[PDB]
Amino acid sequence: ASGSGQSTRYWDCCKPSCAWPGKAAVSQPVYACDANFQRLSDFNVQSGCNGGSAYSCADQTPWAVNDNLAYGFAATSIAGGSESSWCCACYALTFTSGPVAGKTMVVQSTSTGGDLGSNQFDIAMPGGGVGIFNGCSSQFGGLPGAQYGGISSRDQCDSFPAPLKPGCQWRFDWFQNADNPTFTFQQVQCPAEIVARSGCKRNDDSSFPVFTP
């Protein structure tokens, strides 16, 4: 996959869609975590957004590799695609608007929910906004922020559970509080560091270009 896309920001604490078995041909699904941010060994645990006990892991958060490059995670709806084709795939995003224009972020798709056909990437960052499901309410009694768009200032990250705080701060620290920047994207082999966090590598990962910074 490649093309143009539209971004948003989110963190709903839910079990990500690609954390289920059978969604794609992968080494293993994305890890889910308990409410205390500990990895679950069972990949079939019901989502904490659906009455269950499996939540998004805190290490599936974005970080700066250097001033021009970040790694992270996204929910994706890729035109022409399906969970079979995107789950656990990585994409090099080159931002084309906002304060981050010209910077690169490599994201692994771990979930979905955007409009079909849209090439929408919902970029994961704690404090980006819980949206329609506040799973964060059931996990730990909720995060600060507007339901959509989340927190407004970096000092609000001081209220976050510790494992989520670095990813909260990244939004203000590398991402320059960019508001829904546009991008172009290219599907790439996943950086080892990203697979280390999610646990999930596609069987077809090597068929894509190596990412070059």
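Position 1 is the first residue in the sequence shown; the rest follow in order.
>> Quick check: 24-32 versus 48-56, which has the larger average CA B-factor in the record?
In response: It is 48-56.
> Out of 103-111 and 133-141, which one has CA B-factors that are higher on average in the deposited record?
Replying inline: According to the PDB entry, the answer is 133-141.
> Out of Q169, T61, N180, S153, which shows the largest CA B-factor listed in the entry?
Replying inline: Each of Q169, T61, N180, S153 was compared by C-alpha B-factor; the highest is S153.
> Lowest, middle or highest third: where is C13 by Cα B-factor in its chain?
Replying inline: It falls in the bottom third of the chain.
>> By the recorded C-alpha temperature factor, relative to the other modelled residues in its chain, which third is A192 in?
In response: Highest third, going by the recorded CA B-factors of the chain.
> Can you tell me which third, lowest, middle or highest, the CA B-factor of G98 falls into for its chain?
Replying inline: It belongs to the highest third of the chain when residues are ordered by C-alpha B-factor.
> Is the Cα B-factor recorded for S118 in the lowest, middle or highest third of its chain?
Replying inline: Its C-alpha B-factor belongs to the highest third of this chain's values.
> Should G81 be placed in the lowest, middle or highest third of its chain by the C-alpha B factor in the entry?
Replying inline: CA B-factor rank for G81: middle third.
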